[PDB]
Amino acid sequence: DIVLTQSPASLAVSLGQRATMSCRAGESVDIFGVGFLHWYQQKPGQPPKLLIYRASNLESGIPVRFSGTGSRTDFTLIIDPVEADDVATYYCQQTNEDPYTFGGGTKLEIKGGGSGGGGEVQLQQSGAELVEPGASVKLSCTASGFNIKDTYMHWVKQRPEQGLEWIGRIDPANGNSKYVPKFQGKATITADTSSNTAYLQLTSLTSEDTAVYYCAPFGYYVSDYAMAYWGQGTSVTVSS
């Protein structure tokens, strides 16, 4: 049959950087130009998920940061940039002929370190509160899966049955914050890099402040294309 050998066996890359794994087949799995080789990503304790079929064609939903290339017996899978939930094992399979074989697979892990835990980014908002007019809150949102310095932490407000309203963001890497003008000296955002936590301080409350507040990373190496990751949002109710 056709034996597929992948390399490296273990691969670790810093976040937002380029990863490169190859897959070498004993024979040619190429047919009329089309390489009958596929790439599968497999999350810890999960079924293998198809990313690329026939050497270069991205499966629906797969972002273009995944490149599939190669000729007759030499294939390369590239991920640029690598994101937080990329920790997994990538296998190549050939369907040119049966038995259909798989490869050894490259175990990809982010240099953010950690022998345990595989990606699965999440955000933890502080508990629901009950304040009164004149009160002041300081919500938190701890991040796991990625370092908060590798991105921007955003806070969004949402009133009962109403659209979302960006509040502002903060860059944990150097402390710079930016707010929507109407929230400048009302809300003040901060972050403790020691504890990887994001805080949102809201002063002198009003019933206009009753709402659910979300934290969402987005800006550099974490979710620079939209807000894919949202905190569960901590509810604040201002009843006089």
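So that there is no doubt, residue numbering starts at 1 and follows the sequence shown.
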Determine, for stretches 108-116 and 162-170, which one has the higher mean CA B-factor as deposited.
108-116
Between the two ranges 207-215 and 25-33, the one averaging a larger CA B factor in the entry
25-33
Entry record, C-alpha B-factors for 69, 176, 41, 57; the maximum is at 176
Using the entry's values, work out which of 76, 101, 144, 73 has the largest Cα B factor.
73
Name the third of the chain's ranked CA B-factors that contains residue 135, choosing lowest, middle or highest.
lowest
Lowest, middle or highest third of the chain for the C-alpha temperature factor of residue 4?
lowest
Could you say whether, by C-alpha temperature factor, residue 124 belongs to the lowest, middle or highest third of its chain?
highest
Can you tell me whether residue 186 has a C-alpha B-factor in the lowest, middle or highest third compared with the other modelled residues of the same chain?
highest
Temperature factor at the Cα of residue 150, chain-ranked in thirds, falls in the middle
